[PDB]
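Remarks on the structure that follows.
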Amino acid sequence: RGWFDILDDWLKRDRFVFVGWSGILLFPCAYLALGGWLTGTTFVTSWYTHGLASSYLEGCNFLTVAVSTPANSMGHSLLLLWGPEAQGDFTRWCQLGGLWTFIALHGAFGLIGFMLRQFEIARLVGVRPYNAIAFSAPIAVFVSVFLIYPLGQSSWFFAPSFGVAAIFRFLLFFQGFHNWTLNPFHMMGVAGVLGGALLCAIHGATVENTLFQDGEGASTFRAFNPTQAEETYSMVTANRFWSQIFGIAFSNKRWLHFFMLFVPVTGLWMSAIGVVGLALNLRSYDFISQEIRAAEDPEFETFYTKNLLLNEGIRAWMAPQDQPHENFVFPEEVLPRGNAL
Amino acid sequence: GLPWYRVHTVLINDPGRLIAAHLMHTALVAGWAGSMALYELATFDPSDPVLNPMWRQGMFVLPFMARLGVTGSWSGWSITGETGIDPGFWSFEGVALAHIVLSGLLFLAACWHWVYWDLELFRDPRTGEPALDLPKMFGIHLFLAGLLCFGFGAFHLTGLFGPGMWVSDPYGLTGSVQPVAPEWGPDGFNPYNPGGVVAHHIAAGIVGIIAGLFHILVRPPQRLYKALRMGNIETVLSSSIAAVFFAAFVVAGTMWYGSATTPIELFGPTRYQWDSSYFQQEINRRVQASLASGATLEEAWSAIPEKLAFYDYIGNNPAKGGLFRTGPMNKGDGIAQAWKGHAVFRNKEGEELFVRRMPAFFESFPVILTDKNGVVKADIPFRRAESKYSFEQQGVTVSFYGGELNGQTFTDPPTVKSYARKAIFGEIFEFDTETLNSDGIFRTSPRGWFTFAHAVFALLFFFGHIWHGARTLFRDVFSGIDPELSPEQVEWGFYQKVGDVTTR
Amino acid sequence: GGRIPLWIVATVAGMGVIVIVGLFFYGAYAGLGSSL
Amino acid sequence: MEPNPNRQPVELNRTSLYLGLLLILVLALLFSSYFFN
Amino acid sequence: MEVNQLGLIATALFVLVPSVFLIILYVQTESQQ
Amino acid sequence: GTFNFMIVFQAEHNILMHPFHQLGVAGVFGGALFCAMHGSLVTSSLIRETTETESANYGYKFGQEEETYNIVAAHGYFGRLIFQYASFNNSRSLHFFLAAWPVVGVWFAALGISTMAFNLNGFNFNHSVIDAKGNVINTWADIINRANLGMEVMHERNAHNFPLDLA
Amino acid sequence: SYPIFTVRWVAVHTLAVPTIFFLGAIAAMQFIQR
Amino acid sequence: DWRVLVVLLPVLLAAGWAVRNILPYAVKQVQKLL
Amino acid sequence: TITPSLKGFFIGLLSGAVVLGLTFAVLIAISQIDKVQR
Amino acid sequence: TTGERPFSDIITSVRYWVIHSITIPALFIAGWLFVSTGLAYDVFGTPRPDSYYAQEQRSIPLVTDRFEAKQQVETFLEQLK
Amino acid sequence: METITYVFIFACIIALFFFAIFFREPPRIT
Amino acid sequence: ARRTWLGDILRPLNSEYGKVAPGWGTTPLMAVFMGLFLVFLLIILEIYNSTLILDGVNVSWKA
Ligand code: CLA
Ligand code: CLA
Ligand code: CLA
Ligand code: CLA
Ligand code: CLA
Ligand SMILES: CCCCCCCCCCCCCCCC(=O)OC[C@H](COP(=O)(O)OC[C@@H](O)CO)OC(=O)CCCCCCCCCCCCCCC
Ligand SMILES: CC1=C(/C=C/C(C)=C/C=C/C(C)=C/C=C/C=C(C)/C=C/C=C(C)/C=C/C2=C(C)CCCC2(C)C)C(C)(C)CCC1
Ligand SMILES: CC1=C(/C=C/C(C)=C/C=C/C(C)=C/C=C/C=C(C)/C=C/C=C(C)/C=C/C2=C(C)CCCC2(C)C)C(C)(C)CCC1
Ligand code: OEX
Ligand SMILES: [Cl-]
Ligand SMILES: [Cl-]
Ligand SMILES: [Fe+2]
Ligand SMILES: [Mg+2]
């Protein structure tokens with residue numbers, strides 16, 4: 001019972017918001033990430049890094065505000081406030097996009113603090129640490145998208161800017177430049193997300209519709225008691241319903257709930273790997289056999305060749321303003337267009 | 001019985017068979033390295049290190065042999081293309097043979113250790129249970145690691161007993177294996193300084209010797225022993241995987257950004273050298289130095305080496321490839337045969353135009369020609385009806401200086417447009433697309449492929465760290481929570497401190 | 001302890017939220033960001 | 001030599017067979033287009 | 001179509017290798033007592 | 001063809017800027033989150049019924065009457081991960097929330113498409129921010145519009161004879 | 001009988017104090033003209 | 001810069017007013033903890 | 001010499017140590033004053 | 001159940017609202033004045049509606065040099081006068 | 001060969017559906 | 001278990017399983033080295049990053 005054990009006593013007190021040792025990392029890093037985002041979206045411009053207004057103070061709404069990435073000439077600079085770019089000037093640091101790296105780094109260490117908190121509480125309450133393990137998927141996504149992706153690219157400029165429309169641009173950029181929908185790792189991510197949402201909806205509806213009558217109310221929530229040993233719904237009835245509707249059904253509740261962990265976690269991990277490839281421009285952009293055939297046969301058309309024409313439109317129309325460090329002047333006659341439009 | 005994903009857990013309390021499984025893994029990795037090297041040797045074309053180097057040929061292990069000194073073949077060639085040198089035993093074939101023989105010897109040792117699993121050395125002498133003193137094992141292995149790290153730096157890399165390492169000039173023109181002196185200043189932490197690599201292995205190896213001695217002699221604190229579960233071998237696996245993902249993220253970054261350990265003559269240029277126009281500026285510098293001294297434009301550009309012009313071409317950028325565009329870079333654009341020479345574009349008014357280069361993001365890019373102040377003077381238009389800057393309208397011609405088309409001038413607009421579509425890629429080269437059935441579609445270099453594998457593997461290894469670390473610290477609840485879990489422990493307001501029964 | 005009834009608190013707090021968000025939607029049609 | 005006591009039987013039930021074969025065949029259905037390119 | 005010449009064997013082994021791994025493990029499970 | 005439908009739909013309707021698609025995204029992201037959350041929390045609180053050399057799923061028998069996990073322990077964990085009143089202690093309320101969140105969101109996503117069918121499109125903030133002189137100050141919404149224009153002008157590149165794509 | 005300043009008090013005020021400051025700032029922004 | 005006083009003027013006059021009403025009860029919480 | 005970014009490094013190192021040192025001194029001090037009842 | 005006072009008890013008490021009917025409007029008015037005095041522009045460097053461009057400037061003042069970026073912004077700001 | 005491959009895998013999936021539904025391990029109440 | 005010639009030589013090196021030092025031991029020394037290692041990693045990170053620029057340290061292929 002030295003000073004360490006006395007400090008360990010206080011950090012793990014049963015209070016309203018648990019602290020723990022992880023709370024030393026989680027709480028300041030998460031609050032600065034959140035507070036940095038709310039600060040930038042309320043007050044900070046993107047005029048010098050992107051040529052964009054991006055705060056409420058400039059006139060943007062909630063959908064259009066962002067803490068935008070630094071200028072492409074920053075490279076992968078950490079953009080520390082005391083670093084050689086800002087040199088301690090907070091105002092210049094904000095104008096250089098120093099808030100973006102502030103949010104991304106405090107957010108990264110905050111996420112590390114959150115998984116440590118999951119591990120710490122699970123160890124203290126005596127449960128298995130599967131919630132910490134499932135949280136590795138959001139960590140893999142944040143690390144691949146906001147860190148590994150721009151680190152493979154020219155600068156932090158091409159990471160997502162922390163904002164709603166800014167994120168939508170990032171989606172459209174990945175379509176037009178990376179053809180990211182064609183990527184099988186993204187497709188595995190889509191199956192994990194939509195499968196997990198299916199599993200969320202299907203499991204919740206099945207439980208709620210195979211409930212045992214454990215009370216007289218027509219509003220059935222009161223008939224559950226948190227200390228009951230018994231199942232509140234009929235696994236046998238649920239199993240027979242789905243076996244006859246759909247052909248298969250869960251018969252093991254433990255496997256069912258593991259599969260609910262597995263599906264969206266595996267999906268997000270799969271999507272992270274595809275983005276790691278896109279950090280190097282290792283895209284699933286084309287199918288070579290279709291390109292050889294289309295180049296020699298001008299009647300050969302698929303939805304895939306149609307999507308590449310859309311991709312070429314996206315690149316030529318968006319690049320001069322989306323990449324204003326390149327100083328793209330595309331004269332109007334060079335622009336790919338269809339007839340009339 | 002055991003589920004399929006837990007079959008290897010039979011080794012957890014069996015040090016003899018853990019060693020056997022590790023020996024078999026080591027036999028497989030060493031056998032891969034030999035068989036990979038023999039495959040590469042069977043396919044590598046050594047005849048042109050200027051325009052067909054190893055990094056154009058999908059060579060993966062060949063640069064790793066070349067980085068540390070192995071440059072010759074028993075068949076008589078070297079990777080720098082020099083003639084008539086003798087490599088001794090340690091050629092590329094001799095490395096590959098050494099790895100194969102080592103693979104077989106490790107296989108036999110794996111068999112022995114698998115059969116003779118029940119050795120007395122693995123037993124605790126006070127209980128007769130299987131017991132490994134993992135803290136002392138760490139100090140022994142750290143001591144051995146530091147000895148080898150020191151020896152690699154002090155003897156191999158310095159040339160004192162050993163070949164040295166691959167070093168090159170800033171433009172990757174004149175690289176060779178050379179002995180490297182250690183840099184003990186702050187420039188030893190410059191990743192582009194080879195002398196810092198020598199001083200690292202000397203200093204860190206000495207530190208590894210001292211720390212290994214410490215860990216041999218000093219027992220763990222019981223606070224650290226109990227908290228890190230130092231009697232459970234899975235704690236070592238968890239932290240080893242953590243160290244291993246850290247190192248893989250490091251090697252991915254230094255491959256992608258370039259360092260003294262990732263030479264462009266071995267792995268290809270970086271994407272950042274295209275981004276910053278690193279080779280184009282040195283090409284233009286040398287041309288202006290010649291033109292200031294009275295060389296003509298033909299003479300100034302004919303003095304640029306083909307190897308330097310080849311780096312200034314986007315088909316050597318490691319960021320132009322595709323995930324399923326498989327194989328060597330030569331499978332894409334073809335085998336580079338010759339520099340065509342530098343294209344100079346001029347309008348009918350005689351003013352020089354400049355083709356806007358393709359950035360690495362763009363699978364396709366329009367052809368736009370600007371003057372020296374960035375104003376657009378010519379282009380290849382999409383819609384033609386209101387076009388004002390067509391090559392026909394502006395009378396655009398192209399002249400070549402240096403290379404194959406030196407002195408030649410072209411004026412017919414299809415021919416001038418076609419070289420302009422090539423000039424978006426940088427310097428224009430003549431390719432052999434027929435030998436490999438080259439499809440014309442850019443592929444990444446070994447620098448690109450190494451970076452992708454090692455970043456993906458490092459990311460997946462982060463899951464393994466989390467998984468095995470969770471398995472270590474929560475070993476008591478791995479098969480489930482205590483069925484007599486006190487609800488007071490998990491209900492609020494019973495214990496002062498969470499999960500402490502003494503605080504009730 | 002319990003001097004102002006919680007339904008009064010919730011109603012006034014819920015109405016001030018409406019007023020402030022309502023001002024934000026008003027500001028979408030006036031001044032900065034309104035395109036005029 | 002006496003048997004190794006660390007040995008354990010291995011299982012894979014039928015549902016796990018069906019799940020794994022579903023996973024392998026769907027992954028092959030997904031990736032085969034990219035393997036053919 | 002001019003497809004990858006290794007694509008057929010890459011697909012065939014991608015199926016057959018882990019499929020037979022599961023078949024081996026399943027059948028030896030059923031033959032247990 | 002699905003991806004072609006999506007890209008053209010964004011070009012013509014700006015679906016990303018429609019709040020019903022955004023509610024739809026919150027449905028599926030939330031559904032995937034809550035799937036992983038409910039799966040992990042139940043798996044974390046499974047009652048020990050098996051040894052180390054067996055799958056924990058064998059600890060559950062089909063049709064058994066006792067619950068196979070400790071919901072009080074799971075609530076005790078999750079109520080300490082966030083705070084106590086953010087965590088469900090009622091499994092019926094929990095499972096209704098698991099049904100209700102993805103379903104309502106996907107309902108809204110369906111009404112997104114179905115009302116963009118009648119060309120009530122996502123939010124248009126093109127040229128919404130204007131300086132003191134009148135210069136357009138671009139936002140991220142104007143960058144979205146530049147991408148939308150490139151999709152618009154290229155889609156069905158032979159099908160339009162007149163300058164507006166009216167359906 | 002209860003305390004007044006706890007960790008929970010700090011956690012509440014680190015969010016609520018800047019939130020009310022920001023809402024006043026954003027309200028003022030609705031009256032700026034170009 | 002006169003405005004840093006103006007922006008902090010209500011923040012100051014709120015804290016000192018809140019700590020005026022809470023000082024008889026903030027001392028009693030400090031006393032039983034001490 | 002001490003370049004400006006080397007001075008910036010020492011400022012960033014000291015500022016971090018001050019933030020870590022003040023926080024741990026506050027957390028230790030509160031822990032010693034409000035102990036557990038065992 | 002962790003010892004702190006319930007939120008329903010606090011926000012319904014008169015003493016909470018005696019304190020907070022001053023503190024809550026004071027923080028709101030302080031935020032209002034941070035914008036209305038114009039301090040938010042000076043602290044954050046955000047352009048006012050008349051200071052995005054010079055009077056005949058159509059070009060965006062994009063930062064193009066990493067280590068002279070602080071000086072470029074300052075130069076861009078001196079170009080507005 | 002490509003079309004054969006894709007149809008083959010598809011037919012194996014559909015066969016797997018048949019065995020997974022009609023030759024499943026029967027869920028047993030115990 | 002099987003005694004061997006090499007096994008009996010290596011025997012002292014695998015004899016002190018579970019042997020610990022009392023209490024905190026050399027933990028405060030270890031934390032000092034971890035702190036120095038963290039600072040060392042930050043130095044080499046910021047040199048490579050161009051955040052820390054030192055005289056005579058040109059982080060470029062030009063060297
Ligand atoms: C757990 C809390 C935590 C963590 C992990 C971080 C982490 C970070 N902060 Mg944040 N920050 C925090 C709390 C935290 N912060 C708080 C509470 C505030 C409000 C004061 C801030 C305000 C803040 C600002 C304004 C900035 C950061 C920045 C950063 C990043 C760089 C920090 C750095 O390089 O210093 C290095 C310091 C250390 C690593 C401490 C070393 C301790 C060693 C082990 C002991 C040795 C010290 C030695 C004795 C000192 C002697 C000096 C002498 C030699 C001259 C890093 C991600 C920067 C950023 O976000 O970049 C965009 C930045 O600009 N932080
Ligand atoms: C017996 C000695 C021996 C020697 C001299 C070689 C020599 C070689 N190997 Mg072979 N190899 C060996 C055994 C050996 N090998 C064994 C046993 C295996 C099976 C594991 C292999 C598997 C193998 C593969 C797969 C490959 C090689 C390759 C090579 C060539 C390049 C080496 C290289 O780039 O490594 C680089 C080595 C490092 C970067 C070492 C990193 C050390 C880490 C960072 C230590 C981290 C932990 C450490 C303990 C921390 C504490 C340190 C302390 C000092 C403080 C070189 C000819 C390459 C090749 O060209 O094949 C044809 C290659 O691809 N080898
Ligand atoms: C004077 C003696 C001396 C000299 C000249 C060197 C020289 C060097 N050391 Mg060495 N070193 C020495 C002594 C010396 N060392 C001693 C005594 C030790 C203790 C045993 C070390 C331990 C050590 C380590 C651990 C490392 C070096 C490295 C290096 C190289 C640094 C440049 C570089 O490429 O970094 C590039 C590496 C970095 C900039 C480190 C990045 C740290 C990361 C960012 C931490 C975050 C990790 C986390 C997983 C990231 C996840 C997020 C991500 C996905 C975005 C350089 C060769 C580094 C190296 O090997 O590079 C190839 C390296 O990692 N040294
Ligand atoms: C670190 C690993 C590594 C790297 C970076 C390289 C790099 C290279 N190899 Mg080598 N090689 C390696 C290991 C590696 N190799 C191994 C282990 C073998 C034995 C199989 C080989 C055998 C080999 C041969 C025979 C050849 C090469 C060639 C090459 C070159 C071209 C690469 C290419 O086209 O890949 C293409 C990469 C892909 C198409 C990516 C694969 C993606 C997989 C299939 C996706 C998996 C998805 C997964 C199943 C989903 C899981 C979901 C689930 C978790 C739910 C390149 C330099 C070629 C060369 O040019 O040599 C001269 C060549 O002919 N390699
Ligand atoms: C040094 C690396 C290392 C080592 C020695 C181990 C060792 C172990 N792991 Mg761990 N693990 C690791 C890294 C490692 N892991 C990584 C990187 C991940 C993230 C991918 C994991 C995630 C993980 C999980 C989720 C589980 C384990 C489990 C285990 C235990 C049983 C393994 C088994 O029976 O699988 C047998 C494997 C098969 C029968 C077939 C696997 C085929 C894979 C999916 C694809 C083919 C792999 C290919 C052949 C090899 C390429 C190697 C690559 C590195 C290049 C064993 C202690 C299990 C455990 O803890 O049990 C109690 C367990 O459930 N591991
Ligand atoms: C009651 C069960 C209903 C099922 C709950 C599941 C859905 C819950 C919805 C989400 C929460 C909604 C609000 C609950 C609505 C509700 O049920 O209220 C009840 C709850 C407690 O009420 P009282 O405090 O009056 O009751 C205390 C009891 O002891 C009664 O004596 O109110 C709150 O917790 C107020 C929330 C303020 C939040 C202060 C947070 C401070 C910051 C903490 C953030 C840090 C943690 C982050 C860790 C990284
Ligand atoms: C960055 C930085 C920092 C920090 C700061 C911070 C931390 C801040 C915070 C801040 C904050 C913390 C703020 C807040 C804000 C708030 C707001 C802005 C709010 C709003 C709200 C609203 C608007 C609402 C709405 C809604 C929802 C959401 C849902 C439901 C419905 C309703 C409608 C109600 C420092 C100095 C350290 C350093 C330098 C940098
Ligand atoms: C016995 C003996 C011998 C022999 C030996 C030998 C001959 C060996 C060989 C060996 C070898 C020959 C081996 C090899 C190995 C290999 C391996 C181990 C591989 C692996 C692979 C993998 C792992 C891969 C994977 C993948 C794929 C498939 C696809 C893509 C992705 C990846 C890359 C992942 C001698 C006489 C000398 C001596 C005495 C005895
Ligand atoms: O079809 Mn199918 O996508 Ca409905 O917009 Mn009008 O049309 Mn055509 O154009 Mn745009
Ligand atoms: Cl289309
Ligand atoms: Cl029409
Ligand atoms: Fe459930
Ligand atoms: Mg307005």
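Every number for a ligand or one of its atoms is a count from 1 in the order of the listing. We name chains A, B, ... by the order of the sequence lines, and we start the count at 1 in each one.
Nearest protein heavy-atom neighbour of atom 42 (C) of ligand 6: G:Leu15 CD1, 4.1 Å. When hydrogens are left out, the protein atom nearest atom 25 (O) of ligand 6 is J:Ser8 OG, 2.3 Å; that is the closest non-hydrogen contact.
For atom 6 (C) of ligand 6, the nearest protein heavy atom lies closer than 4.0 Å. Distance remark: protein heavy atom present below 4.0 angstrom from atom 35 (C) of ligand 6. The nearest protein heavy atom to atom 13 (C) of ligand 6 is not closer than 4.0 Å. Atom 3 (C) of ligand 6 is never approached by the protein to below 4.0 angstrom, counting heavy atoms only. For atom 31 (O) of ligand 6, the nearest protein heavy atom lies under 4.0 Å away.
Aromatic ring centres of J:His20 and J:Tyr16: separated by under 6.0 Å.
Contact atoms of ligand 6 toward A:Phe16: 34 (O) (distance under 4.0 Å to a heavy atom of the residue). Close approach of ligand 6 to A:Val17 (heavy-atom distance below 4.0 Å) involves ligand atoms 43 (C), 45 (C), 46 (C). Close contacts of ligand 6 with F:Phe83, meaning ligand atoms under 4.0 Å from a residue heavy atom, involve 34 (O). Listed by number with element, the atoms of ligand 6 under 4.0 angstrom from any heavy atom of F:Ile82 are 46 (C).
Both tests do not hold together for A:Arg117 against A:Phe135: distance to the six-membered ring centre under 6.0 Å, angle to the ring axis within 45°. Figure legend: cation-pi geometry between G:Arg8 and J:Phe7, with NZ or CZ positioned under 6.0 Å from the six-membered ring centre and within 45° of its axis. Judged by a 6.0 Å distance limit and a 45° cone about the ring axis, J:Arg5 is not positioned over the six-membered ring of G:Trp9. Remark: C:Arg3 is not positioned above the aromatic ring of J:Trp17, lacking an NZ or CZ atom under 6.0 angstrom from the ring centre and at most 45 degrees off the axis.
Comparing G:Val12, J:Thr1, J:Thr2, G:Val7 by heavy-atom distance to atom 39 (C) of ligand 6, the nearest is G:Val12. Considering each of A:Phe114, J:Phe7, F:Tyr85, the one bringing a non-hydrogen atom nearest atom 23 (P) of ligand 6 is J:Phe7.
Where the criterion is an N or O separation shorter than 3.5 Å, residue side chain and backbone included, J:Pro6 fails it with respect to ligand 6. Checked against a 3.5 angstrom limit, the closest N/O atoms of J:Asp9 and ligand 6 fall outside it.
A:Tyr130 pairs in a side-chain contact (heavy atoms from CB on, under 4.5 Å) with only one of the listed residues (F:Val42, F:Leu41, F:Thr43), which is F:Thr43. Evaluated for a ring-ring contact (aromatic ring centres under 6.0 Å, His included) with F:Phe88, the options F:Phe97, F:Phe78, F:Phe96 yield exactly one hit, F:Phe97.
Look at F:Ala86 and you'll find a heavy atom under 4.0 Å from some atom of ligand 6. For the pair F:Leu81 and ligand 6, a heavy-atom separation below 4.0 Å is found.
The angle F:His95:NE2 - the Fe ion (ligand 12) - A:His257:NE2 amounts to 180°, with values rounded to 10 degrees.
Remark: F:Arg92 does not engage A:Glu208 in a salt bridge, criterion side-chain N to carboxylate O under 4.0 Å. Using a cut-off of 4.0 Å between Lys/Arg side-chain N and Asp/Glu carboxylate O, F:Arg157 and A:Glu301 are scored as salt-bridged. The pair A:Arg13-A:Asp9 does not count as a salt bridge, with every side-chain nitrogen at least 4.0 angstrom from each carboxylate oxygen.
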F:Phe9/F:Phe5 under ring pair (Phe, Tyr, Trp, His ring centres under 6.0 Å): CA gap, chis, key distance, verdict: CA-CA 6 Å; F:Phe9 211 105; F:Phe5 177 81; 5.4 Å; yes

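The side-chain heavy atoms of F:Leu46 and B:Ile481, taken from C-beta on, include no pair separated by under 4.5 Å. Residues F:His75 and B:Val490 have side chains not in contact (no heavy-atom distance under 4.5 Å, counting atoms from C-beta outward).
Contacts of F:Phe97 with ligand 6, taken as heavy-atom pairs under 4.0 Å, are absent altogether. By the criterion of a heavy-atom distance under 4.0 Å, the backbone of F:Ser87, and not its side chain, is placed next to ligand 6.
Atom NE2 is the N, O or S atom of A:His203 at the shortest distance from the Fe ion (ligand 12).
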